[PDB]
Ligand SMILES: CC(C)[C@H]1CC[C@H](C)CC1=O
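One chain comes next, on its own, written as structure tokens: the form solved without ligand LWE.
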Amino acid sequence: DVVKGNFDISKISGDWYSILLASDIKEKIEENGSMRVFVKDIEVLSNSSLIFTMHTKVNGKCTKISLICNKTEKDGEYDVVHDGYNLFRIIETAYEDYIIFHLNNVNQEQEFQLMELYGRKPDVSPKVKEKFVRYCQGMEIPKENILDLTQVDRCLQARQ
């Protein structure tokens, strides 16, 4: 049951796994990239806030970080502060299997967008994955800038 709007935030809480990562600036999502983070779980703080738990590599070690995200005026949109100011929203989700996030980072230097595909399990059908790829292309993210994380160290060995 795909959902493209009016999302039940409580039903996207819990564990997620970071499968595909995309950006119009590839350095942001390659190794050592400011945006190469691996989601661990999403939880509802309040009627209007979220807390993301994610892993990043710090001196070679998987390291847990927390990010507070607040709902904004536009529906489904959130904002967060990681290497600049970020606005993100759900593109679509199947609550039990996958979710697609679009993020926009606005900074002094150079504005850029992010696309992320999470799964309830460390992978999803290639049907879901290429719907994601077509999304990225429609948003003019080059296919060269889409990274499959299923075959990289995404800190799964550190989720607890």
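One rule holds for the numbers: they count along the sequence shown, beginning at 1.
Beyond what is shown, the protein has a form solved in complex with ligand LWE; the following relates to that form.
- Against ligand LWE in the deposited complex, the set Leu20, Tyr135 and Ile146 makes no contact: no member has a heavy atom within 4.5 Å.
- Of the residues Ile91, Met54, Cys62, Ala94, just one reaches ligand LWE in the deposited complex with a heavy atom at 4.5 Å or closer; this is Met54.
- Contact check for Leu114: a heavy atom falls within 4.5 Å of ligand LWE in the deposited complex.
- Looking at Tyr98, you'd find every heavy atom of it more than 4.5 angstroms from ligand LWE in the deposited complex.
- Contact check for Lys71: no non-hydrogen atom falls within 4.5 Å of ligand LWE in the deposited complex.
- Ligand LWE is not drawn, but in the deposited complex it has no heavy atom within 4.5 Å of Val128.
- Residues of 66-86 placing a heavy atom within 4.5 Å of ligand LWE in the deposited complex, in sequence order: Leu67, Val80, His82.
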